[PDB]
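First, one chain by itself in structure tokens, the form deposited in one PDB entry.
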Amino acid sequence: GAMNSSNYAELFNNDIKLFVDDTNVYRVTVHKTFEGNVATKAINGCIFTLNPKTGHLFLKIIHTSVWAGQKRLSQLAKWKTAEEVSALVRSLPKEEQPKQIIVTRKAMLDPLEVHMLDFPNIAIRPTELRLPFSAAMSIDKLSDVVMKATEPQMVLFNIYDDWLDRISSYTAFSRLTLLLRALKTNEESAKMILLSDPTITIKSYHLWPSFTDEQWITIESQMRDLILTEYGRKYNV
């Protein structure tokens, strides 16, 4: 059944799984038309697919061309998401295929279950966590590849950089979720925290700066403060 706080550490066992988030698949800008009405203009999106044990993000770039001449695009997006995930599961050998896929929004269950009928031994699960993966487009290098894409494309990223060299996947997942939660609650503050110090660089093959252990602890602290504050700033507390 559903993934929640009580079965949280299942994410880091040795059963290969993926988290699928569809919150950035269908993205629009809303604008006024010459006649004064409102229209949407789609922009490129992505399916955020993350192996939570290793860090790999199988970013499938959704080019705006996929929507051309389609109706009910928010509903199609869930099915397009499902279709792309199923295709990844199919491209993979049986041993590498996920034993479970956890969708971050319950509206993905039926589309994915239907596209995955050929894989009855892959469990499709919802979660009760409020995971901040929608903020993945606040990671500059991810947003950049998505906005630059001229055609459908799948780019493989490691969303943990080299962290697993030094910390466990539980700890790397917590760091990631803290970073994403911060970026979602106040992207500007969050990004200032990450990039204030010029001497700490982002390696060309990485997504986040090359923080030492001690620098990560300060960063993690500052992101907490941000999140706690924004929560005050919001409710006045």
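The term rigid core refers to the maximal set of C-alpha atoms that superpose within 1.5 Å between the two forms. Start at 1 and count along the sequence shown; that's the residue number.
Beyond the structure shown, there is the form solved in complex with a partner chain, which is absent from this document and is the topic of what follows.
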> Exactly one stretch in 51 to 59, 191 to 199, 174 to 182, 204 to 212 has heavy atoms within 4.5 Å of its partner chain in the entry with it bound; which is it?
Replying inline: 191 to 199
> If you check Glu96, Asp162, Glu128, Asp140 against its partner chain in the entry with it bound, which one has a heavy atom within 4.5 Å?
Replying inline: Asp140
>> Using the rigid core as the reference frame, would you say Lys203 shifts its C-alpha by 2 Å or more between this form and the one not shown?
In response: no
>> Rigid core superposed, CA of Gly36 - does it shift 2 Å or more between this form and the one not shown?
In response: yes
